[PDB]
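A.B. asks: Just passing along the structure, written as C-alpha cells.
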Amino acid sequence: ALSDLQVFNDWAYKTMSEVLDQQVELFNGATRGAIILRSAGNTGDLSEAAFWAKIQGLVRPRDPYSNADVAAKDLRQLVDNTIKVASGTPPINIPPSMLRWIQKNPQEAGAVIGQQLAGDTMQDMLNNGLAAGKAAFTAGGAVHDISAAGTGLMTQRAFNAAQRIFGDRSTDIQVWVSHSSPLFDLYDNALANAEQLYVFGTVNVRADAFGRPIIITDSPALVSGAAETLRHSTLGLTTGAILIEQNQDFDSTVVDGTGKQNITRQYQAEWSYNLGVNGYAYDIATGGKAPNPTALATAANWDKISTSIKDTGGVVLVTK
Amino acid sequence: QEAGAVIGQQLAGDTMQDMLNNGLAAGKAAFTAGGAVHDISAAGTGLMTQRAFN
Amino acid sequence: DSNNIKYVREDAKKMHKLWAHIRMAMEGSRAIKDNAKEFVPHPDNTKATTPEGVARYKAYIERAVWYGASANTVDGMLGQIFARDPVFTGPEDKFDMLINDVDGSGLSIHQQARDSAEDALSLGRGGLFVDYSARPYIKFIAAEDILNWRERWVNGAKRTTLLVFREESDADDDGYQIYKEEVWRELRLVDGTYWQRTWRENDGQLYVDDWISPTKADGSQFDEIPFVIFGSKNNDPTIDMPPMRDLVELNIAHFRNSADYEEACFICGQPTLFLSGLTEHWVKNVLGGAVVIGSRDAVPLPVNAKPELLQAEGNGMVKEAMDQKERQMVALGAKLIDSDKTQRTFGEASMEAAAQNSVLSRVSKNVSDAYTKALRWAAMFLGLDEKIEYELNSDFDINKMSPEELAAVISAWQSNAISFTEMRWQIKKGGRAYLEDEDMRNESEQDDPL
Amino acid sequence: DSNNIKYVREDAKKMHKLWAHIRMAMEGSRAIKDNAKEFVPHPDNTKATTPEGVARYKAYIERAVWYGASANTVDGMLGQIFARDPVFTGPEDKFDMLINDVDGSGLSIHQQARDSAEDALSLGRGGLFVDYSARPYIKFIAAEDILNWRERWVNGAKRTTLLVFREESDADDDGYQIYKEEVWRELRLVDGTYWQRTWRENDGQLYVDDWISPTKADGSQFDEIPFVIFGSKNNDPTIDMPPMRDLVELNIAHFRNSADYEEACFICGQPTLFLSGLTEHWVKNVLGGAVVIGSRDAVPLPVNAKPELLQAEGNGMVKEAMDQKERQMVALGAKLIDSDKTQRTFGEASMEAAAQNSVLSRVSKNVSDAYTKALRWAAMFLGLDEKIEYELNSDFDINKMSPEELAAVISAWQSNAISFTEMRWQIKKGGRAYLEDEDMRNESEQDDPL
C-alpha cells in the first residue's frame, strides 16, 4: 500500500497509524439500507413509538340462520423501542514533553488520536449493531444451524434454509453480512464443484445465487469459540433491519493533570448513539438504562413486537 | 452552557444578596458600637409606631 | 452524508497550537503573562515544584515587559494595505445593499474586508461564505472555524467536494444570560452540483435539515461550492504558513531576555556600600548598626578598610542580546516599529520598496480575488452583472500628493491617456478630493461665478 | 422571571480591569500613586507587612515619577485626527438642530465626535444611541455603560437581538445633595421589529415600563436596533482590543524603574567623605564629630589614612533600562514625545507615514461610519433625506499650504478637474480660508472695486 517513506514533509506526517484492520464501511447504502447510519438526536435513554396491532380474529365465519352470540373483540397498540448506547474513550496519556524520536511530534499525538478514534468509533457502531441484531434475531426464533450436517457450511444450500425460515416474503432479503471464513469456504466449495454448476469464469461470484450479495466484515460479533467449537454467524438483513442513529454529541477534553515529577496531559472523548432493530424492542427492565455490548448481545433483552416473523427484518445463520 | 448560564444568573442574585446582607450587618454593628441605638423592646410594648421613629 | 460533523482535519489540529500562539501574541502582554509557562521556562524546575519556586516564578514573570512587536507589525501592515478604500467596479447602484450592509449587521463591506485582511496577515487563513436568505449574505469565516475539506477529481480537476465549518451564535432566550449555540453547514459538491445542510443545535435539540440545492436567478443550480478560502499565500484549501511565525518567536525570545534583564535590574541595579575590612566592635561602637550616607555627615572606618560602591554596569551581554533581537525584528519585519535615531536615504528605499512590501501585495491580491469571487457568486444569486471587481488598495506608500504630481496628472488626463474616473481615483488617493465623481461633475457643469 | 437587567457578560467583566487601568494611566500621576500598590510591588513583602516597611514604601512611592506618556499619546492622536472640523455632507438647514446641539445639551456634533474618537483611541469601545423625544437625540454611551448584548441569526444574517446599556443622571430635588440614579434601557429586537423598555429603581423596587415600538415619521416602525458600537477594529458588538495596552504596560514598567532610580538618587546620589584608617582617639581629639569641609579650612588625618568620596556614578544600568523602555515607547509608534537632538532626512517620513498612522485611519473610518449610521437613523426618525454622510479628517500631518500648493490647487480648479467646494475644502485645510463658501460667493459675485 502507501509508504510515503520517500519524502518527509513533516515527521510522521500522517504517514501511517495502522488506523484499522476490519472492514467497517457497512452503513446505509453500503448495507443496502439494512444498517442505516443516521444523525438525529433524541432525549432520555429510550425512544418509544406506538403503532396499532393486527386484529387476530378480524374475519370470522358467520352463520346466517343463527348469529348466536357476538364474540367480543378489542384493539391494542404495540410499542416500538430504541435504546440509547453510550460509548467513551479510555484516558489517553499524551506525551507532553516531546520524546525526541527520529520523528518529534507532540501535537501530532492528538492529531492522530482524532482519526484513530473516528475509525474505532465507526467500528464499534458496526460491531454493536451486528451483535444486537444477532441477539434480537436469536431471541425472536429466526435462527438456523447447519453445524451438525457435514462440513458445517454448504456453498449455497445454506441460504435456502434461511429462505424457508423467513417464508413467503423471502424476496425482501437483500444482503448477507458474514465473516471472511464463510466466504473462503464458499470459494473453496465453488472452486471444486460437485454438481458442475460453476465455470472458471464464474467461480468468483460474491453473490448468493439469488441476487443477494455477500458483504464481508471481520466483526468479532460474528465469531465465537476456537478450533473445534469455532462458530461463524451469517445474518441476512432486509431494508432498515439495523438502525444505528448518532446523536452528534461528541465531547472531547484535554487536561493538564500533572501531579507527578513530569507534566501529565490526558485525552478523553464521549459520544452516544441510538441502536434499534426493526420489529424488536430492547427490554429496558431486564437489561440496563445504559447497556454495554455484553448486555446488548445477550438474548432475553430483546422482545418480539411484530406479530409475524415476516414483518421483522432479519434472519441469522450459524456455520462452523 | 445552560448549566453555566443558570449558575451565572443565580450567582448574580446571590452576590447582590450577600453584599447587601453584609453591608447591613456591618452597619448595625457599627451603629451599636457608636452608641446610636434606641430600644423600643424595653419601652412598654415593643412595636413599630411613629413615636419610635420620632 | 451523516457522520461526526465536529471532526477537524488533522493538519488543522496540527496548526491549532500555532494559531493560538499568534492569537495570544496579538492579544498583548496580559495574555502572554497569563500562560507564561508555555513561553518562559522556569530557571530551575526543581525550584518550580516547591511553593517558594512558584512564587519566585510569579514575581519573575510579573517584572518582565512584553515588547508587543507582532501586534504593531500587524496594525501597521493593515494600515498600509487599506489606504483610503477599495474601489468597486461595475454597477454601484445595483450592489448597494451588499456594500453598506454585507452581512446584514450594518457592517460595511470594507470593514469585513479589513477583518479578512487582518486574519490573512496575522494567521494567514480565512473563508468567505455566500448564501441566500431575499438577499445574499457574504459571511466571514475564522481560520479555526473551517474544520474539514476534501478533494476528489471529477473529470480530472481540482474540485473541493466537501467543506464543513462551525458557526457561533448566542441563543435568544427570554432572560439575559449568554449561551453559545453552534451551527454547522455541510457544503457538499456531487456531480457538479452544490448541496448543503444546516445542523442547528438549539437547546441541544438537533434540528438537522434535509439536503437542499441552491439555485441561481435563472436556475441551472450550481457547479462550484461558493466558498473561497483566502490565505497568505493563495486561495487554496491547503493550509498556508502564517506570516507572523518568525516575528512571534522573536518576540517570545525578547520577552524571555527582558524577564532576565528586569530581574537583574530589580536585584543588582542598586549601588551598595559594601564596607570591607570591618569588625563587629567597630560596627556596634561607632556605626551602631546604622550608616548616615548624606553629604552632611561623614563616616569613619578602621585601619585598612576599603568601601566599594558595587552596582551592575551597563552594556551587559543580556541587554546586548535584547538589542540584537530588537534589530532582528526590525530587519525581518516591514514598518513594524520606527527608529528616529537612524536615517534612511531617499532613492535607496525606492529600490527596496517592492521587496519590503511583498506580503502586503500578496495578501491584497488574494483578498481581492476572494471578494471578487464572492461578489460574482452573490450576483449569480441575484442574476446581476458578472464582470465586477473589488480590488484592495495595491498602491502602497500613500501620502499627500505633490503639486507637480497634480500638474502631471491633470496634463495626463487632458491628453487621452488617463480616464476621468482614473484621474478622480488618483486625486482622491493623494488626499485632494472627497466628493464622488458624479457629484463633482454635476457641480462643475454650472457656469462659474467669474 | 429572570429580572437580571444588570447582568454583565463574562468577557465584559474580564475587560473591566483593563479598562479601569487604562483610565488610571490616562488620568495622571495622582491616580497611579494612589494605587501604586499594584503597579509597584514592594521590594520586600516581609517588610511590606511591617509598619516601618509601609513607611519606607510610602516614601519610596512618593519619590517615584509617573512619566505619563500615554496621555500625551492619546492627545497627539486626537489632535491629528480632529484637526480643523469633520465635514458633514447633506442638507444642513434640515440637520442644523442636530449639528448645533447633538443631544440637546448645547454640544456640537463635532465635540461629541471628538469624545467618541478619544474613547475609541483609548480603550477601543463606544456607543451612539438615537432615540425620539419633536427631535431625535444622538446619545453617547460610555464604554463601560454597554453591559450586555446578544447576536442571533435570523434568515441567515447578523442581527443584534438584545442590547442593554446604563444611563446615568442626577436626581432633581429642591435640595443640594447630589444623588446618582441610574436607568437601564433594554433594546430588544423581536421578529425584525425594534422594541424598547426602561428599568427604573427607587424606594426599594425595580420598575418596568411598557414595551414600545418607536416609529419613523413615515411609520413602519424599525428593522434594526438604532444602536451602533464602534471601536479600533470595526463596528462590532465584540470587544476590540484597546490600542493603549503596550504603552500602558511600558509606562508602568518605566514608572517602577523610575521609583528604583529615584530611591538610588536619594540614598547613594550624594557623596560622602568615608574617612578610612581612622582611630576613635583622633576623632575625639580634633574631629569631635564635626569636620569643617570648606575651602578655607583644611583638616589633617593620621598616618596611613585615606579619604575617598563615594557617590553613585552615572549611566547606571537602571538608567539604561529606563532609556531602553522610553525608546521602546517611542518605537511602538506613539506620537508621545518629540526629540530635539534627533534629525530625520525628509523623503523617508512619507515612506512609512501610512504605517505610523494606521490606527488613526482605522479609528477615523470606524467613527465616520458610526456617525453616518446614527445620522441616517435620525433622518429616518424625521423622515428626511437619507443620502447624508459624516466623515472625519482622513489626511493627517496637516500644515499651512505652500504658495506652490495653493497655485496647484487653484490651477486644478481652473480646469474642470476639481470642484469649487473641493478647492475651498483644501484651502481651509491649508488654513488659507475661514469664512463659509456661500458667503464667499455672495461677496465675490459683486464687481471688483477697481
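Here, each number is a calculation from the coordinates, and none is a lab measurement. Neighbour counts run over all protein chains shown; Cβ positions are idealised from the backbone, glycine included.
A.B. asks: Considering (1) touching a strand residue (DSSP E or B) at 6+ places or on another chain (Cβ under 6 Å); (2) crowded, with 22+ Cβ neighbours inside 10 Å, say which one residue D:237 fails and leave the rest.
C.D. replies: (2)
A.B. asks: Could you tell me whether any residue of the stretch D:357-372 is crowded, with 20+ Cβ neighbours inside 10 Å and over 22 Å from the mean Cα position of the chain (by Cα)?
C.D. replies: no
A.B. asks: Please enumerate the residues belonging to the stretch A:241-282 that are assigned to a loop (DSSP other than H, G, I, E, B) and surrounded by 17 or more Cβ atoms within 10 Å (Cβ to Cβ).
C.D. replies: A:241, A:247, A:248, A:250, A:278, A:279
A.B. asks: Same structure again: Which numbered condition trips up residue A:54, out of (1) over 30 Å from residue A:274 (Cβ atoms); (2) in a loop (DSSP other than H, G, I, E, B)?
C.D. replies: Result: residue A:54 passes all but (1).
A.B. asks: Would you please name the residue that is farthest from residue D:376 (Cα to Cα), looking only at residues in the stretch D:205-219 that are part of a loop (DSSP other than H, G, I, E, B) and not charged (D, E, K, R)? Steps first, please.
C.D. replies: First, the residues of the stretch D:205-219 that are part of a loop (DSSP other than H, G, I, E, B): D:207-211, D:213-215, D:217-218.
With the extra rule that they be not charged (D, E, K, R), the set shrinks to D:207-208, D:211, D:213-215, D:217.
Working: D:207: 32, D:208: 30, D:211: 24, D:213: 18, D:214: 15, D:215: 14, D:217: 13 Å.
So the residue we want is D:207.
A.B. asks: On to the next question. Of all residues in the stretch D:262-279, count the ones that are in contact with a helix residue (DSSP H, G or I) (Cβ under 9 Å, 6 or more places away or on another chain) and at the interface with chain C (Cβ under 7 Å from one of its Cβ atoms).
C.D. replies: 3
A.B. asks: For residue C:340, state whether it is facing chain D (nearest Cβ under 9 Å) and either among the hydrophobic types (A, V, I, L, M, F, W, C) or in a loop (DSSP other than H, G, I, E, B) (or both).
C.D. replies: On the way: facing chain D (nearest Cβ under 9 Å): yes; either among the hydrophobic types (A, V, I, L, M, F, W, C) or in a loop (DSSP other than H, G, I, E, B) (or both): yes.
Yes: the conditions hold for residue C:340.
A.B. asks: Please find, within the stretch D:220-261, the residue that is nearest to the other protein chains (Cβ to nearest Cβ) out of those that are outside any loop (DSSP other than H, G, I, E, B) and small (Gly, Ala, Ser). Walk me through how you get there before you give the answer.
C.D. replies: If we filter the stretch D:220-261 for residues that are outside any loop (DSSP other than H, G, I, E, B), which is where we start, we get D:227-228, D:245-261.
So of that shortlist, the ones also small (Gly, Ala, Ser) come out as D:253, D:258-259.
Values: D:253: 5, D:258: 12, D:259: 11 Å.
Restricting to residues being outside any loop (DSSP other than H, G, I, E, B) and small (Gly, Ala, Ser), the top hit is D:253.
A.B. asks: Now for a separate question. Just checking, which of C:301, C:406, C:309 is within 8 Å of chain D (Cβ to nearest Cβ), within 30 Å of residue D:272 (Cα to Cα), buried (at least 19 other Cβ atoms within 10 Å of the Cβ) and of a type outside the set (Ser, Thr, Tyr)? Even if it seems obvious, please write down each step before you answer.
C.D. replies: Working: C:406 fails: within 30 Å of residue D:272 (Cα to Cα); C:309 fails: buried (at least 19 other Cβ atoms within 10 Å of the Cβ).
The conditions single out C:301.
A.B. asks: Any residue that is farther than 17 Å from residue D:250 by Cβ and either basic (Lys, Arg) or surrounded by fewer than 18 Cβ atoms within 10 Å (Cβ to Cβ) (or both) - is there at least one of those in the stretch D:64-74?
C.D. replies: Step one: list which residues in the stretch D:64-74 are farther than 17 Å from residue D:250 by Cβ, which gives none.
No.
A.B. asks: May I ask you to list the residues in the stretch C:435-450 that are part of a loop (DSSP other than H, G, I, E, B), charged (D, E, K, R) and surrounded by fewer than 12 Cβ atoms within 10 Å (Cβ to Cβ)?
C.D. replies: Just the residues of the stretch C:435-450 that are part of a loop (DSSP other than H, G, I, E, B), to begin with: C:435-436, C:445-450.
Narrowing the set further to residues that are charged (D, E, K, R) leaves C:436, C:445, C:447-448.
C:445, C:447, C:448, listed by residue number.
A.B. asks: Follow-up question, since we're still on this one. Identify, please: which residue in the stretch D:425-434 is closer than 24 Å to residue D:361 by Cβ and more than 10 Å from chain C (Cβ to nearest Cβ) and is, among those, surrounded by the fewest Cβ atoms within 10 Å (Cβ to Cβ)?
C.D. replies: Here the answer is D:431.
A.B. asks: Could you tell me which residue of the stretch C:47-63 is surrounded by the most Cβ atoms within 10 Å (Cβ to Cβ), considering only residues that are more than 17 Å from residue D:38 (Cβ to Cβ) and among the charged types (D, E, K, R)?
C.D. replies: Among those residues, the one meeting the criterion is C:56.
A.B. asks: From the list C:334, C:321, C:355, exactly one residue is more than 7 Å from chain D (Cβ to nearest Cβ), more than 30 Å from residue D:273 (Cα to Cα) and in a loop (DSSP other than H, G, I, E, B). Which is it?
C.D. replies: Selected residue: C:334, the only one of C:334, C:321, C:355 that is more than 7 Å from chain D (Cβ to nearest Cβ), more than 30 Å from residue D:273 (Cα to Cα) and in a loop (DSSP other than H, G, I, E, B).
A.B. asks: So which residues in the stretch D:124-141 are under 16 Å from residue D:196 (Cβ atoms), in contact with a strand residue (DSSP E or B) (Cβ under 7 Å, 6 or more places away or on another chain) and not in a strand (DSSP E or B), if there are any at all?
C.D. replies: D:127, D:139, D:141
A.B. asks: Report yes if residue C:89 is in contact with a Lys or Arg (Cβ under 7 Å, 6 or more places away or on another chain), away from chain D (no Cβ under 14 Å), of a type in the set (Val, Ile, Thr) and farther than 27 Å from residue D:237 by Cβ, otherwise no. Before the answer, list the steps.
C.D. replies: Working: in contact with a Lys or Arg (Cβ under 7 Å, 6 or more places away or on another chain): no; away from chain D (no Cβ under 14 Å): yes; of a type in the set (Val, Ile, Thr): yes; farther than 27 Å from residue D:237 by Cβ: yes.
Against the criterion (in contact with a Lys or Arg (Cβ under 7 Å, 6 or more places away or on another chain), away from chain D (no Cβ under 14 Å), of a type in the set (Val, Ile, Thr) and farther than 27 Å from residue D:237 by Cβ), residue C:89 does not qualify.
A.B. asks: Continuing with this model, one more query. Across the stretch C:76-109, what is the number of residues that are in a helix (DSSP H, G or I), buried (at least 20 other Cβ atoms within 10 Å of the Cβ) and not hydrophobic (A, V, I, L, M, F, W, C)?
C.D. replies: 3
A.B. asks: Return the total of residues in the stretch D:381-407 being more than 14 Å from residue D:429 (Cβ to Cβ) and either over 35 Å from the mean Cα position of the chain (by Cα) or assigned to a loop (DSSP other than H, G, I, E, B) (or both).
C.D. replies: 9
A.B. asks: Would you point out the residue of the stretch D:1-58, among those that are among the acidic types (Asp, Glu) and in a loop (DSSP other than H, G, I, E, B), that is nearest to the other protein chains (Cβ to nearest Cβ)?
C.D. replies: Restricting to residues being among the acidic types (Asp, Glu) and in a loop (DSSP other than H, G, I, E, B), the top hit is D:1.
A.B. asks: Name the single residue that is surrounded by the fewest Cβ atoms within 10 Å (Cβ to Cβ) among those in the stretch C:110-135 being more than 20 Å from residue C:74 (Cβ to Cβ) and at the interface with chain D (Cβ under 10 Å from one of its Cβ atoms).
C.D. replies: Restricting to residues being more than 20 Å from residue C:74 (Cβ to Cβ) and at the interface with chain D (Cβ under 10 Å from one of its Cβ atoms), the top hit is C:134.
A.B. asks: Among the residues of the stretch C:409-424 satisfying the criterion of being within 11 Å of chain D (Cβ to nearest Cβ) and not hydrophobic (A, V, I, L, M, F, W, C), which is nearest to the chain's Cα centre (by Cα)?
C.D. replies: Filtering first and then ranking leaves C:424.
A.B. asks: Mind listing whichever residues of the stretch A:199-222 are surrounded by fewer than 17 Cβ atoms within 10 Å (Cβ to Cβ) and either in contact with a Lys or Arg (Cβ under 9 Å, 6 or more places away or on another chain) or not in a helix (DSSP H, G or I) (or both)?
C.D. replies: Passing the criteria: A:199, A:203, A:204, A:205, A:206, A:207, A:209, A:210, A:211, A:213, A:218.
A.B. asks: Do we have residue D:120 as assigned to a loop (DSSP other than H, G, I, E, B) and among the hydrophobic types (A, V, I, L, M, F, W, C) here?
C.D. replies: In short, no.
A.B. asks: Further question on the same structure: Give the residues of the stretch D:409-420 that are surrounded by 17 or more Cβ atoms within 10 Å (Cβ to Cβ) and either among the acidic types (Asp, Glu) or farther than 18 Å from residue C:429 by Cα (or both), sorted by residue number.
C.D. replies: Within the stretch D:409-420, just D:420 meets the criteria.
A.B. asks: Follow-up. Considering the stretch D:78-111 alone, what residues qualify as being under 15 Å from residue D:378 (Cβ atoms) and of a type in the set (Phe, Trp, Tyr)?
C.D. replies: Matches in the stretch D:78-111: D:88, D:95.
A.B. asks: Could you go through the stretch A:83-95 and let me know if any residue there is surrounded by 12 or more Cβ atoms within 10 Å (Cβ to Cβ), part of a strand (DSSP E or B), away from every other protein chain (no Cβ under 14 Å) and of a type in the set (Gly, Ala, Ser).
C.D. replies: There is at least one residue in the stretch A:83-95 that is surrounded by 12 or more Cβ atoms within 10 Å (Cβ to Cβ), part of a strand (DSSP E or B), away from every other protein chain (no Cβ under 14 Å) and of a type in the set (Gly, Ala, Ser).
A.B. asks: Look through C:292, C:286 and report the one residue that is part of a loop (DSSP other than H, G, I, E, B), within 14 Å of another protein chain (Cβ to nearest Cβ) and surrounded by fewer than 18 Cβ atoms within 10 Å (Cβ to Cβ).
C.D. replies: C:292
A.B. asks: Scanning the stretch D:378-403 for residues that are within 10 Å of chain C (Cβ to nearest Cβ) and touching a strand residue (DSSP E or B) at 6+ places or on another chain (Cβ under 7 Å), which turns out farthest from residue C:101 (Cα to Cα)?
C.D. replies: It comes out as D:391.
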